[PDB]
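# pasting the sequence and an experimental structure:
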Amino acid sequence: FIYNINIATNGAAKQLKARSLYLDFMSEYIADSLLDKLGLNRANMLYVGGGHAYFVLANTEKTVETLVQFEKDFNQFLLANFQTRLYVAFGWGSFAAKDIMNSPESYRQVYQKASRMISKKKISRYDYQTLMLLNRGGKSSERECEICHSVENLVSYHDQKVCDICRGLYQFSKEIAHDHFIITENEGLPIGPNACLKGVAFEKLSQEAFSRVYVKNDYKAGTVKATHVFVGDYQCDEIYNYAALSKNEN
RNA sequence: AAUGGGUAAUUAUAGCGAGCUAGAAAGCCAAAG
Ligand SMILES: Nc1ncnc2c1ncn2[C@@H]1O[C@H](COP(=O)(O)OP(=O)(O)NP(=O)(O)O)[C@@H](O)[C@H]1O
Ligand SMILES: [Zn+2]
């Protein structure tokens, strides 16, 4: 999805910066919104990274059914507007107080129990109804999104035929430089079930109406009382100057 | 003494054996959007 960019693409690297940043907010938000379908918060998440995020949850039935139902919810969201290019696969290993110095073959042997369930669910993706609804036919499409070859919701953003996600990514590339990224319900790129992402300035938080706010690269607590993400980014200049600034002063 | 004749050595020696500048640019594309 990220290196779907090719030769003769409208976006140079803003369509690549804003695309590898967007999936990282999606990986952040799956981790966040999974923890309030449960009763938990950010402490229980051991790590979040490039789509991978390890947790510590409770070995009980009301959590496992919440895991399965939220997994089906987010995969319905990914099928609604990414069409089997993105698939999130949960997986959970039950363990006692065995991550404590049967000392060698107890810790990693249950950390790998979740990776086996992921590899089993990554390999047998869907079920009956959600694949019969896939290849149901019924579409007289003439055109397609020339970035990702999708069909639904075609617009003419800068006289090229692009889709709903790949116009939201240009809008997010105009909004990428901000520190604050809020989740609304109907604005910008969708990142979940009834949950969309929008980049916002600081003093526009009273104008906008959100539910959860992320602040990027900040250790001060701030005013919005946000969730602190940390994405590495830097821009000294635009890309086309990087050859011309390759000279010395002489 | 005349008379017959020439015979030996060197066949090039000492050097420099290339130096410096340029080492791909400008367009299409990409950017500008
Ligand atoms: N948002 C992102 N932007 C840029 N690079 C990323 C991002 N997320 C992950 N990556 C990179 O992608 C790597 C993982 O690639 P990938 O093969 O997709 O792993 P995966 O999540 O297991 N997908 P798959 O290989 O199909 O199972 C990471 O190690 C990162 O280097
Ligand atoms: Zn697209």
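Arrived safely. Numbers count the residues shown, from 1 in each chain, chains lettered A, B, ... in the order given. Ligands and ions are numbered 1, 2, ... in the order given.

# use CA for all of it now, contacts and neighbours both
Noted.

# what's near enough to touch residue A:33?
By CA atoms under 8 Å, 6 or more residues apart in numbering, no residues touch residue A:33.

# what helix or strand is it located in?
According to DSSP states H and E, residue A:33 maps onto helix A:22-37.

# so which bits of that helix are buried?
When neighbours are counted by 16 or more other CA atoms under 10 Å, the buried residues of helix A:22-37 are found to be A:22-32, A:34-35.

# just how off-centre is the helix or strand that that helix is followed by within its chain?
Remark: after helix A:22-37, the chain's next helix or strand is helix A:61-81, criterion DSSP H and E. Averaging C-alpha positions (CA atoms, centre = their mean, to the nearest Å) puts helix A:61-81 15 Å from its chain's average.

# CA atoms only: put whichever helix or strand comes after helix A:61-81 into CSV for me.
Proceeding N to C from helix A:61-81, the next assigned helix or strand is helix A:108-121, under DSSP H and E. In CSV, the C-alpha atoms belonging to helix A:108-121 read as follows (Å, rounded to 0.1, in the frame of the first residue of the first chain):
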residue,chain,number,x,y,z
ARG,A,108,9.2,-17.0,24.4
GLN,A,109,7.2,-20.2,24.0
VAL,A,110,4.0,-18.2,24.9
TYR,A,111,5.1,-15.0,23.2
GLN,A,112,5.2,-17.2,20.0
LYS,A,113,1.7,-18.6,20.7
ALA,A,114,0.2,-15.4,19.5
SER,A,115,2.4,-15.2,16.4
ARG,A,116,1.2,-18.7,15.5
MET,A,117,-2.4,-17.6,15.7
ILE,A,118,-1.6,-14.5,13.6
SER,A,119,0.1,-16.7,11.0
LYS,A,120,-2.9,-19.0,11.0
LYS,A,121,-5.3,-16.1,10.6
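
# quick one: contacts of helix A:108-121?
The set of residues external to helix A:108-121 that reach it, using CA under 8 Å, 6+ apart, is A:89-95.

# next helix or strand past it?
Moving toward the C-terminus from helix A:108-121, the first helix or strand encountered (DSSP H and E) is helix A:128-132.

# which other helices and strands contact that next one?
Applying 3 or more CA pairs under 8 Å, 6 or more residues apart in numbering; DSSP states H and E, one finds that helix A:128-132 contacts no other helix or strand.

# roughly how far does the residue nearest the centre of chain A sit from ligand 2?
Nearest residue to the geometric centre of chain A (CA atoms, centre = their mean): residue A:26, 1.7 Å. Using CA to the ion, to the nearest Å, one gets 17 Å for the distance from residue A:26 to ligand 2.

# how about the residues of chain A by RNA strand B?
Remark: the part of chain A in contact with RNA strand B comprises A:7-12, A:158-159, A:238, A:240, using CA under 7 Å from any atom of the strand.

# quick one, which of these are buried?
Burial of those was assessed by neighbour count (16+ other CA under 10 Å); no member qualifies as buried.
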